[PDB]
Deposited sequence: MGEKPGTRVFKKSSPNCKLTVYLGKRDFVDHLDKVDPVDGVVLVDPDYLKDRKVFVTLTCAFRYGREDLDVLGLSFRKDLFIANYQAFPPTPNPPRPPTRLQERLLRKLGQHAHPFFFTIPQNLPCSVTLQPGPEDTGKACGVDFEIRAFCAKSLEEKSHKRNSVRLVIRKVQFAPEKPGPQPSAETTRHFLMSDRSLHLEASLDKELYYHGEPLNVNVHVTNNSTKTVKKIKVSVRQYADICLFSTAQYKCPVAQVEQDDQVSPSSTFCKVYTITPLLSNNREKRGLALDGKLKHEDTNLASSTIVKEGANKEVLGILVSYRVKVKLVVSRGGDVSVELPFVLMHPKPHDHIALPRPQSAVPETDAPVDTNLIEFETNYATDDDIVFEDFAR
């Protein structure tokens, strides 16, 4: 339908046409909206609308102490009333539709979301956390004041969360494929591991099929085989820290004897619902009263923000040392609607 929220006193309502604004890499969907204000209520006050992209990292108690990392990556402030020159660019048919039903006390606003900006990512809070979640969020905020500097008023202000999202590219990428050979010393023996995925791109909730082939031309015994999907979150503040969290694991007592080959497909699905306990897991941005998913793969630089990526790991568990592994990068994304 149309998305709208009011101030607590109801003197102020913001309408938007949607909450998700798609990053097309060359450009982003612009935010076209309308603020409706009560006339006699603001009086000499002005109506401002603000678009903020904010990046916060740190627990709630670090907020009070001024220790958490809080940076606005993007701020645009718009004086919507008293009305201003019309560009940019026209009014969209949604604004026109809304300015008619609401009348002269409705006022359009327009923002472009800069492309060089992270997408909406929520870092999953633990059950104890009570503040707002760490990550990158976007917020449309409308309020009434004499000037931008005047402090905030809760009763007058509407805060509205929106999201910058990306969708799977249309061009299929190259097939993920990796291999690792453990050579053994003087003898010509070796323990060979090959693995691959059918494709580079998977959709949330779609099972990955991991092709595993083991050539054990050695005297060691593979005693377990472990297949996992790991999330990689690059947190870029002053220094970029990379956090890894497994989000799916199949572990079987499959054995590969000496002088033997082994070939199987392992099917595995990364789901947020098996990971609601992992603090700090990257989630696609938290919306109102909706459910989210594991954060989509970022389509790219180490500017401030959060970059998310995924890999399959296949590990051959050998006794003592001797373990063998490959990793398979893939992409995890929603399909374009």
Problem set entry | Sequence order list of spans that the model leaves without C-alpha positions, deposited numbering | 1 to 7, 308 to 312, 350 to 393
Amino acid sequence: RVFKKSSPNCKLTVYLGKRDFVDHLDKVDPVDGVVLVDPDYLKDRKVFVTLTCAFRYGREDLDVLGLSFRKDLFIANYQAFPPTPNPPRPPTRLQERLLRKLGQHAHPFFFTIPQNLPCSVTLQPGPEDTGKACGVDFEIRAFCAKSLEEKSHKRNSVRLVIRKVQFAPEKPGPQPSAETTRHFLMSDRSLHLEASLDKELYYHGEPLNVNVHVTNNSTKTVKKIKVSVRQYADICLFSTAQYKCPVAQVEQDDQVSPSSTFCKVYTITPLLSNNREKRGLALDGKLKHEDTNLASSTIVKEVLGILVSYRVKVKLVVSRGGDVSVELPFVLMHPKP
From here on, numbers count along this sequence of modelled residues.
For this session: Check the entry's C-alpha temperature factors for 165 to 173 and 83 to 91, then say which stretch has the higher mean.
Result: 83 to 91
Exercise. Is the mean CA B factor in the deposited entry higher across 109 to 117 or across 125 to 133?
Worked result: 125 to 133
Problem set entry | Residue, from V227, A142, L237, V256, that the PDB entry assigns the highest Cα B-factor | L237
Exercise. Based on what the PDB entry reports, which of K46, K278, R70, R311 has the top C-alpha B-factor?
Worked result: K46
Problem set entry | Third of chain Cα B-factors occupied by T215 | lowest
Problem set entry | Lowest, middle or highest third - CA B-factor, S319 | highest
Exercise. Would the CA B-factor of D63 place it in the lowest, middle or highest third of its chain?
Worked result: highest
Problem set entry | For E194, the third of its chain into which the C-alpha B factor falls | lowest
Exercise. If you rank every modelled residue in this chain by C-alpha B factor, which third holds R155: lowest, middle or highest?
Worked result: highest
